[PDB]
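Report on the structure given below.
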Amino acid sequence: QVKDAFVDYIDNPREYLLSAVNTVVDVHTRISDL
Amino acid sequence: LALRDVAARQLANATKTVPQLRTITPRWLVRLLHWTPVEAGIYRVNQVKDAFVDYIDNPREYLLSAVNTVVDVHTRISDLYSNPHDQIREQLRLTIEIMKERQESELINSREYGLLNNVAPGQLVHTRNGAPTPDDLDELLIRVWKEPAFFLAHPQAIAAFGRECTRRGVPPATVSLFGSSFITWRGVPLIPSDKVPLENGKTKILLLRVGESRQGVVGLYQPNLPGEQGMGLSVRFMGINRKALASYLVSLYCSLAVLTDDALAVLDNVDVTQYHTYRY
Amino acid sequence: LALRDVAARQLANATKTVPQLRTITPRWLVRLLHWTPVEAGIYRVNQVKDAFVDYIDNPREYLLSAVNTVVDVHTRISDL
Amino acid sequence: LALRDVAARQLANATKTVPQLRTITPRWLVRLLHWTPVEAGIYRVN
Amino acid sequence: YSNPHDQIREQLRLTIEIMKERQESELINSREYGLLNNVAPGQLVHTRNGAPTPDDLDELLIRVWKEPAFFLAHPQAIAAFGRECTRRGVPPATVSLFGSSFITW
């Protein structure tokens, strides 16, 4: 970001960390086989 | 006043190194050994009895040993942070480095195989006065007089031998091997290894002949492994658990055989803490 | 006196058979049956009722059954 | 519990070395000498 | 029992190894031929003080000054000569022959 919009930048910019959402899908082998 | 360095640095890509592992050693012994493949994990060393020609009926069989390590990497870490460095590859690389260090230490110190425990009677020499003098290494060379390959010693023991050579006014020669310089005694190089035990300033020095053509020391490994990444080394994907941790199995199969008993000698009671006082 | 058999045998490769399983049978019935594929595990056998021509409305449905066995082999055994 | 190592080893071929003879030496003198053939077993040095 | 190793060939190989060792020992020690018994008068040197010092090997080199090829010694005698060289502060040089290192004087 430009600070207080000479041209200076802020020294503590926000860093966005990607988040993880996990789901485990359990399927019995006989169900998918049959 | 103008744009400052700390603010302009927020736009700059930092150059990131791979993680530095300080316990990595050159592992000279593994590079100096001759390696024999054992296709089914059993190495039987047949011997002539009391060298008509008869063989012994109970030859030693060497079973290759397995060392396993599980490498757990969270799937989100390898998914998110693998640019520009593969996270799984770095974890595996480092894991294999540590396992190779352990393998060298086992080639020296194992209780089943392992040079310091498979030394024959009559091949164990003792220092006359503690410090590793030229005479003690000459004794070692008496024991392995048939084409000796190299000495193996702790770097402090190599320094102590150098001090003993300096006190006697003898500069030992050096050779270049693998782009590195090594002290030699009577043309036999002194190879450093920090896996040789050193406790209370007391260590040991080994002398080896290597190879199957000669009847020397050989390393043993398993040649055809699933997921093979190196000599006797394999990496397998184990699966992912419920908490999204991916596991990898690192396996190392290795052993060591001393084919004849005059291929190895050990100098015992080496003292590395003695310093001469030069007065003139 | 010369080289003995027990000592010379230390140099010889033994011929190893696969493990013999004595409970194996020819299993003639399986070889004599006719085998019908069921693509989705359900086999409905329709029947003529009291053999105009009518069919029963509650035919038997055969559900294929599953028998599972887990085979554990240590990685070092298959490696070595 | 699963298949054990001692039982699985009954299926494995052992690698057998030739018999090791510890009294073998490099015999440097024979390799360093010059060897002269004598066709009829008699060598007369004049 | 000749799979994978020929039994006759191994027996013969080992037998020939033992005979070659005996042959080297006879080249050194035989009573008819044999270097230690076919030494001329004037070519037999004695150590001045027991141990094989540099001066004794210099005497030997006096006796065979015309293009000498090599010394032949027991490995313990080579170690004793090395100890005598170390006591005098002399490191002897080494050569490579047949892929092996040897002390030279």
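Think of each number as a place in line: the chain as shown, counted from 1.
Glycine residues also receive a Cβ, built from the backbone N, Cα and C atoms like all the rest.
Features of the protein shown, as given by Swiss-Prot:
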type	residues	note
SITE	B:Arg167	site '5-fold pore central residue'
SITE	B:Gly169	site '5-fold pore central residue'
SITE	B:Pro171	site '5-fold pore central residue'
SITE	B:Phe237	site 'May bind cargo'
SITE	B:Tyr248	site 'May bind cargo'
SITE	B:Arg279	site '5-fold pore central residue'
Mapped DSSP class for B:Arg167 (site '5-fold pore central residue'), helix or strand or coil: helix
Densest Cβ neighbourhood among B:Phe237, B:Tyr248 (recorded sites), 10 Å radius: B:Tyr248
B:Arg279 (site '5-fold pore central residue') in three-state DSSP notation: coil
Spatial neighbours, same chain, of B:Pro171 (site '5-fold pore central residue') - Cβ under 8 Å, 6+ residues apart: B:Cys165
Among B:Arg167, B:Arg279, which are recorded sites, the residue with the most C-beta atoms within 10 angstroms of its C-beta: B:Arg167
From B:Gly169, B:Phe237, B:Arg279, the recorded sites whose CA lies within 10 Å of that of B:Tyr248 (site 'May bind cargo'): B:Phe237
Nearest recorded site to B:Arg279 (site '5-fold pore central residue') by CA-CA distance, among recorded sites B:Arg167, B:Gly169, B:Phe237: B:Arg167
Within reach of chain E, those recorded sites of B:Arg167, B:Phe237, B:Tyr248, B:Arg279, CB-CB under 8 Å: none
Between B:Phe237 (site 'May bind cargo') and B:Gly169 (site '5-fold pore central residue'), the C-alpha gap once rounded to whole angstrom: 58
Assigned conformation of B:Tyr248 (site 'May bind cargo') - DSSP reduced to three states: strand
Proximal but sequence-remote residues of the same chain as B:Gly169 (site '5-fold pore central residue') (Cβ under 8 Å, at least 6 apart): none
